[PDB]
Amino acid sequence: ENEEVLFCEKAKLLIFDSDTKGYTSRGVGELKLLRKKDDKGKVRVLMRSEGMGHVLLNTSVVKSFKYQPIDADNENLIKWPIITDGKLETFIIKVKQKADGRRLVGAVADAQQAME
């Protein structure tokens, strides 16, 4: 494969449930930030579930988007803006530790700067 791993950690994906009126876990798995070794403008996240082993998330990092924590009390919960068709949604990526969340945010921001 033609991709380097910029970040790799256990994560949970949460997505807003219009019925529940709140965020619900869509699965737990290994989250990787991946960049094409040949093209620094090609950056994506790929998250594969534990157990079932299916793709929970496969989406490009968007230069125009901020990938930032929920707030200062929730550094381990990263807002992940995404266009799911028609509309801007915010998914949440939850990692176990605050430090992991800062790592994720740092690595996405660093990746975005190199995309320019």
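Numbers for residues come from their place in the sequence shown, where the first is 1.
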Next item on the list: Tell me which of 16-24 and 98-106 has the higher mean C-alpha B-factor in the deposited entry.
Entry: 16-24
Next item on the list: Check the entry's C-alpha temperature factors for 34-42 and 77-85, then say which stretch has the higher mean.
Entry: 34-42
Margin query: Split into thirds by Cα B-factor across the chain's modelled residues, where does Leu57 land: lowest, middle or highest?
Written below: lowest
Next item on the list: Tell me, lowest, middle or highest third: where does the Cα B factor of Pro69 rank within its chain?
Entry: lowest
